[PDB]
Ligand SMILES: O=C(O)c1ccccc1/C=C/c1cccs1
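One chain is shown next in structure tokens, namely the form solved without the ligand.
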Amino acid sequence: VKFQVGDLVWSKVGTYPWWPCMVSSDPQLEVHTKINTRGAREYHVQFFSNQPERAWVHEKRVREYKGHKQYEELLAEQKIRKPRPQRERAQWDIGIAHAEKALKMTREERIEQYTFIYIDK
């Protein structure tokens, strides 16, 4: 267990680029980490965005968030680069702005400021 609740991380999920996140406790499982059905470790994260979402992410797709400029280093992991779609870039920029504000906070302040409120349907 390398991450705890309130830690800032980058997550690489689905078709999306490396995205700013905060580790949090799953609202139903009440754990922030688990061993999945394939026997691998996963972390529960909140994506920083104007569209709040959460996901369980494989530990190999999670990295410590040290700052927004670290994005280049994650891409490093003729030069070939994927283009950046406008709508997705705008959502990522909002997320980064939140992550940069969260980085100036203590872990306790971040937990209080950003932990999602979940409402049953």
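Note that residue numbering begins at 1 and tracks the sequence as displayed.
This next part talks about the form deposited with the ligand bound, which is not shown.
For the ligand, fitted onto this chain by superposing the C-alphas round its site in the entry with it bound, the count of atoms within 2.4 Å of backbone or C-beta atoms is 3 or more, giving a blocked pocket. Of the heavy atoms in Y114, some are within 4.5 Å of the ligand in the entry with it bound. Of the heavy atoms in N36, none are within 4.5 Å of the ligand in the entry with it bound.
Although the partner is absent here, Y65 sits far enough away that none of its heavy atoms falls within 4.5 Å of the ligand in the entry with it bound. In the entry with it bound, at least one heavy atom of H98 sits within 4.5 Å of the ligand.
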